[PDB]
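Trainee: Can you read through this structure? Questions will come right after.
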Amino acid sequence: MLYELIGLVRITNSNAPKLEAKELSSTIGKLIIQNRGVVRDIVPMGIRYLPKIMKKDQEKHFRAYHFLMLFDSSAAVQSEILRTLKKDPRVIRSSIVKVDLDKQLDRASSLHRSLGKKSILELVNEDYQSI
Amino acid sequence: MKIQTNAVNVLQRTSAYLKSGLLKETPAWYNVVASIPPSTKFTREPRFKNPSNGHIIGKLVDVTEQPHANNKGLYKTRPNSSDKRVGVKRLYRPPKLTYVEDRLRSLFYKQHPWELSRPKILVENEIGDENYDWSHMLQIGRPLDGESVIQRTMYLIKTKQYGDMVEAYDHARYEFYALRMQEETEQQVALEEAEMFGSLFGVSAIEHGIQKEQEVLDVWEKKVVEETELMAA
Amino acid sequence: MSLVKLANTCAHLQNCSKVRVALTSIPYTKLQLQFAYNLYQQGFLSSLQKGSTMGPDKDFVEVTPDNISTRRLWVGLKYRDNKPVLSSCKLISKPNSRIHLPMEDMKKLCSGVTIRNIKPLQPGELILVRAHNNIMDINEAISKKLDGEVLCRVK
RNA sequence: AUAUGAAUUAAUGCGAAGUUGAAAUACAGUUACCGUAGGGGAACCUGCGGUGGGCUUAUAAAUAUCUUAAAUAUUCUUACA
RNA sequence: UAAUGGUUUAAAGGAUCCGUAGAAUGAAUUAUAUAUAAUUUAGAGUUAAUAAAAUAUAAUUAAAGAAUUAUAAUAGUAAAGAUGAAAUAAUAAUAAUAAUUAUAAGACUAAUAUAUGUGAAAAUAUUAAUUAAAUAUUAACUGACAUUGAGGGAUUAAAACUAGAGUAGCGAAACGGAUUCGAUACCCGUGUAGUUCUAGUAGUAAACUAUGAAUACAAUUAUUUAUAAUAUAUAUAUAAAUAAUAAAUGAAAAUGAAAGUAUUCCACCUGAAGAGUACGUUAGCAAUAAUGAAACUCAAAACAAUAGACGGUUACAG
RNA sequence: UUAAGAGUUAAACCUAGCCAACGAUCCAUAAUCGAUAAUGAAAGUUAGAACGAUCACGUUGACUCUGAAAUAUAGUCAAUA
RNA sequence: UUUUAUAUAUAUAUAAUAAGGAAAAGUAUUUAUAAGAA
Ligand SMILES: [Mg+2]
Ligand SMILES: [Mg+2]
Ligand SMILES: [Mg+2]
Ligand SMILES: [Mg+2]
Ligand SMILES: [Mg+2]
Ligand SMILES: [Mg+2]
Ligand SMILES: [Mg+2]
Ligand SMILES: [Mg+2]
Ligand SMILES: [Mg+2]
Ligand SMILES: [Mg+2]
Ligand SMILES: [Mg+2]
Ligand SMILES: [Mg+2]
Ligand SMILES: [Mg+2]
Ligand SMILES: [Mg+2]
Ligand SMILES: [Mg+2]
Ligand SMILES: [Mg+2]
Ligand SMILES: [Mg+2]
Ligand SMILES: [Mg+2]
Ligand SMILES: [Mg+2]
Ligand SMILES: [Mg+2]
Ligand SMILES: [Mg+2]
Ligand SMILES: [Mg+2]
Ligand SMILES: [Mg+2]
Ligand SMILES: [Mg+2]
Ligand SMILES: [Mg+2]
Ligand SMILES: [Mg+2]
Ligand SMILES: [Mg+2]
Ligand SMILES: [Mg+2]
Ligand SMILES: [Mg+2]
Ligand SMILES: [Mg+2]
Ligand SMILES: [Mg+2]
Ligand SMILES: [Mg+2]
Ligand SMILES: [Mg+2]
Ligand SMILES: [Mg+2]
Ligand SMILES: [Mg+2]
Ligand SMILES: [Mg+2]
C-alpha cells in the first residue's frame with residue numbers, strides 16, 4: 001500500500017535546520033526498507049512557521065521543517081512507523097494517508113499530483129521510456 | 001384539464017332539446033354543424049419519423065443483423081439493458097427538428113461577427129413566391145446575407161460540384177467577399193460623386209453620434225455635480 | 001399463461017384509454033397474443049402489430065430465442081364519439097382465486113344468474129374463457145361445450 | 001379441578017345541586033404531546049430525548065440606450081400586382 | 001335490514017429488517033395428459049473489466065482543536081455575580097471580579113452544512129489508518145434459483161437498573177433565595193443521581209412520511225443530482241431526488257408517480273368511556289415489557305371543511 | 001380372545017416414537033340431522049317443538065346367563081328412595 | 001418498394017424504373033332480482 005507521510009520536524013539548532021529532518025528521514029526509510037518496504041519518494045518541503053505555537057511534550061514550537069515521504073509498505077509496519085513518530089520528540093506533527101493504487105500502479109505525491117504530474121514517470125519525464 | 005365532452009356535442013344536446021319539445025325553433029347553426037361534424041377524437045398520436053433529418057424512430061437492430069464484430073471487437077450475442085426498455089415516450093414526444101444549416105450559420109456569424117450588425121427582417125413577405133436558382137449568390141427579391149452563403153454551400157454540395165462541406169463553404173465565402181467588396185465600393189464612390197456634384201448633407205453618422213453623446217453627457221454632468229455635492233456632506 | 005401478466009395488461013390498457021394514446025405495447029406471448037386477437041375480433045382494438053421494444057416491426061422478423069426478450073405486440077386503441085371503445089378491462093379469475101366453470105354454469109352466468117359471485121354477463125360486454133390453452137369468448141366456449149377457466153371482462 | 005357463598009378488600013361507572021385549582025383549547029400567558037425518571041394527595045412541576053399534531057406563519061440594498069416624425073407609417077374593402 | 005369495508009388526518013401499517021412454514025402467490029416456448037418433462041432468458045443472482053472521492057455507514061485503533069472549570073503565580077483595586085427588580089445558611093479586604101501567563105481534568109466537535117448523502121431502522125458530518133458493506137455500464141455465466149412472510153431471529157433513541165472506573169460543564173431529587181392571596185411552579189444559588197467509558201439487563205418513543213413490502217403501467221413542466229456521449233456549445237440524451245401540477249382518487253384537507261389504474265403477501269381496525277385498566281401467564285436484578293378482558297353508563301363520540309366570535313394574534317394605513 | 005382387523009382387552013419381547021399456534025391436551029357447553037320449521041334476493045343464519053332418520057337412556061354404577069345380536073326396562077351385587 | 005445502370009474497393013455511393021380497379025336484384029321465450037328511515 002502506498003502511504004504519504006507528512007512530518008513536521010522541530011528545528012532546535014539554528015545553524016543547521018536540516019540535520020534533524022535528515023536523521024528522521026534516515027530512521028523512517030531504514031524501517032520501511034528493512035520491513036519489506038519501498039521508499040518511492042522523499043520531497044523536501046521547506047522551513048515554515050507553524051500556524052500556532054504548537055506544543056509537544058513540554059517544548060513549545062513556533063516553526064518547523066516540513067517534509068514528505070511517499071512509501072509503499074504494509075499496514076502493520078505503517079502503524080509501527082506512526083507509533084514511532086508519535087512518541088518521538090523530534091516529530092511535532094505527523095500524518096499518514098493512503099494513496100490508492102487500484103487503477104494505476106505508480107502515483108506521485110499529493111504535491112506533484114496537485115501541480116498536474118499524476119505519476120512519477122511524468123515527474124522524471126518521458127524519453128526512451130517506450131522500451 | 002379533462003377532455004371536455006360538452007363543447008363538441010352541442011348538436012346532440014340541441015337535437016334532444018328540439019325532439020323533446022323543450023326548444024321549438026331549430027338554431028341557425030344546427031344544419032351547418034350537422035353538415036360539418038366536429039372532430040371528436042383527442043388522441044396522442046405516435047410519431048415514427050423525424051421530418052427535419054429523416055431519422056427513423058422506433059427501430060431496434062436485432063442480434064442477427066450483426067454477423068460481424070463492432071468497433072471494440074465484440075460480437076453482439078444478447079440484447080443489452082438499453083435495448084430491453086420500452087420506448088413509447090420516444091414515439092409520443094414531439095421530435096426535435098435539426099438542420100445542417102444551423103451549424104454553418106453558427107460558424108458564419110462566428111467568423112464574421114460584424115455581419116450580425118447588418119439588420120435583418122423576419123417578416124416573411126411570401127415564402128411560396130420564392131423562385132431562386134442558386135448557381136449564383138445574388139437573388140432578386142432577396143438581400144445579400146450569410147444565409148445566401150449557406151444556401152450556396154448546400155447547392156454546391158447537392159450538385160456535387162465540391163465534395164466536402166468545408167470546400168463549398170469556402171467557395172461561397174469568397175463569392176460573398178467579392179460581392180460585398182463591390183457593394184462597399186459602390187457606396188463609397190456614390191458618396192464621393194454626390195460631394196463632387198454639389199450635394200449638401202445636413203448631418204452625418206459621426207455628428208449624429210456626437211450629438212447623442214452630448215445630450216447624454218450633459219445629463220451626466222448635472223447628475224455627477226449634484227451627486228458629488230450630495231456625497232461630500 | 002401468467003394471470004399476473006394478463007392483469008398487468010388489463011391495467012395498462014385501462015391507463016392507455018384514460019390518457020387516450022393511439023398505440024400501446026404489451027408483452028409478446030401466446031396468451032397475450034390470443035387475448036389481444038379476441039379483443040380485436042370483437043372490435044375493441046383497431047390493429048395488431050408485431051414489433052420490438054422500440055416500435056412496430058418495419059420488416060417481418062422471425063421470432064427466435066435470441067430476440068424473444070425484446071419482442072412486443074403493439075395494439076391500436078379505438079376512441080369513437082369522444083369515448084374510448086375499450087373503457088374497462090378486468091379479471092374474473094384472479095391468481096389468488098381462480099374460477100373454472102363447467103359449461104352449464106357458464107350458460108347460467110350468461111343468462112343473468114350470478115355464479116360464484118361473478119356478475120352476470122352484461123349486454124355490450126365480453127367475457128373470455130380459456131379452454132385447453134385456447135382463449136375464446138364465453139359464447140363460443142358454450143357452443144363448443146367446453147368447461148373452462150373464466151378469465152376477464154371487457155365492456 | 002369444576003362451581004356455589006363469604007367477614008376483609010382493589011378498582012371503576014352514573015347522577016342532584018354545588019365546591020375547589022387555572023392544567024388544555026389563542027403565543028392559553030412556562031409551545032403542546034409521546035416514552036421514561038423523580039417530586040407531589042391530585043391537577044400538575046421538573047430533568048432527559050423525540051415529534052409538529054408551532055413557527056413554509058416564508059414576500060426588494062433601488063436606477064436602462066442612437067436614424068431619417070412622414071410628399072413616406074397611420075389612411076386602404078377583393079383591388080391591383 | 002351495508003362490509004358489491006377500511007388503516008395520512010375519523011378505529012386501525014408491526015420501531016426496523018432478515019428469514020422458516022404457508023394446506024400463500026409467481027417468468028417464456030413446445031409436447032403429453034389441471035400438472036409434469038424438455039428447452040429459453042425479460043425476473044432474481046454469480047464472476048470479472050471499465051468509470052467514479054464508491055469520501056459518507058459499522059467496529060477498532062491512533063490523533064487534532066476552540067472553549068469551560070479548578071488550582072498556582074503576576075500585577076492591580078473595591079466591589080463582583082444574577083435578575084423584570086432583587087436576594088440567597090457556603091463571592092470578595094484571607095485582596096475578590098476582570099486582565100496576562102503556567103498546570104490538570106474530563107466532556108464536546110464552529111465554519112463547510114443541505115442529513116445533500118450513507119445506514120434495514122435506531123442513527124450518523126473534527127482528522128488519520130485497519131477490516132467489512134454499499135454505485136453505474138459493458139462482457140461472460142446460472143436458468144425462475146423469485147415476492148411476501150405467521151411463529152422465530154437480530155438491531156433498536158431517551159429514560160432506567162446491575163458492576164467497575166470517571167465526574168469539567170449541564171442537571172431530576174433535595175436544600176435555600178425570590179414572586180405570589182397561596183408557590184406546593186415558572187426566575188435565582190448550592191447542587192445528589194444521571195449525562196461519559198468499559199462489560200451487561202431491558203426492548204419501550206409523536207421509534208412519524210402519523211403513509212408495510214414487491215411487481216406492471218400511468219400526462220407534463222421546472223430545477224438539480226449521477227452517468228453516457230457529441231462538437232463552453234449541442235438550452236444534448238438516459239436515470240434518480242426535489243417542487244408544482246393534468247387525469248385519477250378522496251368526506252374533504254389533500255395525494256400525485258402514490259393516497260392513481262391493477263396483481264400478490266403480511267400486520268392491524270369494528271361506537272365513547274370503563275382501558276391498555278384489572279386478573280392470570282411469560283421474561284427481567286428491579287423499574288417494568290409482552291399478552292389482555294368483562295360488567296356497568298350513554299346516545300353519543302370523532303374527522304375535514306364553512307361562517308362567525310375570541311386571542312396577554314401579526315402587519316399595513318389612516 | 002372374536003365370525004372377523006387393530007395396543008380393543010390380557011401376556012411377552014423390541015424400536016422411540018405419536019399429536020400440536022391451520023390450535024394439541026385440558027375445561028365449559030351440547031343429543032345429531034333432513035327433501036322438517038323460521039328468515040333472507042341469495043350465500044347463509046337460527047331451531048332441532050311438531051313430521052321423518054340416527055344415537056343414547058328407562059332411578060345410579062359394575063359385572064353375569066341366555067342369545068346371532070344385551071354390560072338388556074332381564075339377573076346378581078352394591079348406591080339412593 | 002423492387003430491379004437494373006455507371007463508378008469505386010462479394011460489397012459501397014449516386015441515377016432511372018411502381019405490378020395491387022372489384023361494379024347487379026332477391027334470398028318472442030332475454031331469464032335472477034338486494035329500497036331504507038330518525
Ligand atoms: Mg392555563
Ligand atoms: Mg401552557
Ligand atoms: Mg422542586
Ligand atoms: Mg426519530
Ligand atoms: Mg399551537
Ligand atoms: Mg401547520
Ligand atoms: Mg349482506
Ligand atoms: Mg388514527
Ligand atoms: Mg412504519
Ligand atoms: Mg459542523
Ligand atoms: Mg422478506
Ligand atoms: Mg439523538
Ligand atoms: Mg454505575
Ligand atoms: Mg457528574
Ligand atoms: Mg447550573
Ligand atoms: Mg401554573
Ligand atoms: Mg433550580
Ligand atoms: Mg443511561
Ligand atoms: Mg440487549
Ligand atoms: Mg410503556
Ligand atoms: Mg408501541
Ligand atoms: Mg404506530
Ligand atoms: Mg382515506
Ligand atoms: Mg403493563
Ligand atoms: Mg394383535
Ligand atoms: Mg389405547
Ligand atoms: Mg403389554
Ligand atoms: Mg383447543
Ligand atoms: Mg345435555
Ligand atoms: Mg342429550
Ligand atoms: Mg323432533
Ligand atoms: Mg345446535
Ligand atoms: Mg313433547
Ligand atoms: Mg340400557
Ligand atoms: Mg343403566
Ligand atoms: Mg322417574
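Labels used: A, B, ... for chains in the order of the C-alpha cells, numbers from 1 for residues in each chain, and numbers from 1 for ligands as shown.
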Chain C residues within 10 Å of chain F, counting only C-alpha atoms (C1' of nucleotides): which ones, as a list in words?

Mentor: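 The contacting residues on chain C are residues 114, 116 and 117 of chain C.
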
Trainee: Would you list the residues that come within 8 Å of ligand 3? Count only C-alpha atoms (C1' of nucleotides) and all ligand atoms and give the answer as a PDB file with N, CA and C atoms (P, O5', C5', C4', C3', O3' and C1' of nucleotides), in the first residue's frame.

Mentor:
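Below is the file out_31.pdb, written as the result:
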ATOM      1  P     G D  39     -39.759  10.111  44.399  1.00  0.00           P
ATOM      2  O5'   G D  39     -40.272  11.618  44.394  1.00  0.00           O
ATOM      3  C5'   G D  39     -39.471  12.661  44.928  1.00  0.00           C
ATOM      4  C4'   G D  39     -40.190  13.986  44.890  1.00  0.00           C
ATOM      5  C3'   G D  39     -41.628  13.975  45.382  1.00  0.00           C
ATOM      6  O3'   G D  39     -41.726  14.018  46.794  1.00  0.00           O
ATOM      7  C1'   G D  39     -41.498  15.166  43.343  1.00  0.00           C
ATOM      8  P     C D  45     -47.480  21.907  34.477  1.00  0.00           P
ATOM      9  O5'   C D  45     -46.367  21.765  35.606  1.00  0.00           O
ATOM     10  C5'   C D  45     -46.164  22.787  36.569  1.00  0.00           C
ATOM     11  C4'   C D  45     -44.912  22.541  37.372  1.00  0.00           C
ATOM     12  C3'   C D  45     -43.680  22.155  36.570  1.00  0.00           C
ATOM     13  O3'   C D  45     -43.015  23.271  36.007  1.00  0.00           O
ATOM     14  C1'   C D  45     -43.933  20.654  38.366  1.00  0.00           C
ATOM     15  P     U D  46     -42.193  23.109  34.638  1.00  0.00           P
ATOM     16  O5'   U D  46     -40.908  22.273  35.067  1.00  0.00           O
ATOM     17  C5'   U D  46     -40.025  22.765  36.062  1.00  0.00           C
ATOM     18  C4'   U D  46     -39.028  21.720  36.492  1.00  0.00           C
ATOM     19  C3'   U D  46     -38.255  21.032  35.381  1.00  0.00           C
ATOM     20  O3'   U D  46     -37.195  21.814  34.859  1.00  0.00           O
ATOM     21  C1'   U D  46     -39.032  19.411  36.898  1.00  0.00           C
TER      22        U D  46
ATOM     23  P     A E 173     -37.126  18.302  40.564  1.00  0.00           P
ATOM     24  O5'   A E 173     -36.702  17.387  41.796  1.00  0.00           O
ATOM     25  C5'   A E 173     -37.337  16.139  42.019  1.00  0.00           C
ATOM     26  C4'   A E 173     -36.615  15.325  43.062  1.00  0.00           C
ATOM     27  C3'   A E 173     -36.362  16.006  44.396  1.00  0.00           C
ATOM     28  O3'   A E 173     -37.499  16.001  45.241  1.00  0.00           O
ATOM     29  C1'   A E 173     -34.390  14.919  43.679  1.00  0.00           C
TER      30        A E 173
END

Trainee: Find the residues near stretch 81-91 of chain A: any atom within 8 Å, counting only C-alpha atoms (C1' of nucleotides), skip ones fewer than 2 places away on the same chain, and give them as an MDAnalysis selection string.

Mentor: chainID A and resid 7:10 20 24 28 31 56:57 77:79 93:96

Trainee: Would you kindly return, as a PyMOL selection string, each protein, DNA or RNA residue with an atom no farther than 9 Å from any atom of residue G:32, considering only C-alpha atoms (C1' of nucleotides) and excluding same-chain residues fewer than 3 positions away?

Mentor: (chain C and resi 111-114) or (chain F and resi 41)

Trainee: Which of these residues is nearest to chain G, using only C-alpha atoms (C1' of nucleotides): C:78, C:71, C:153, C:108?

Mentor: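 Closest candidate: C:108.
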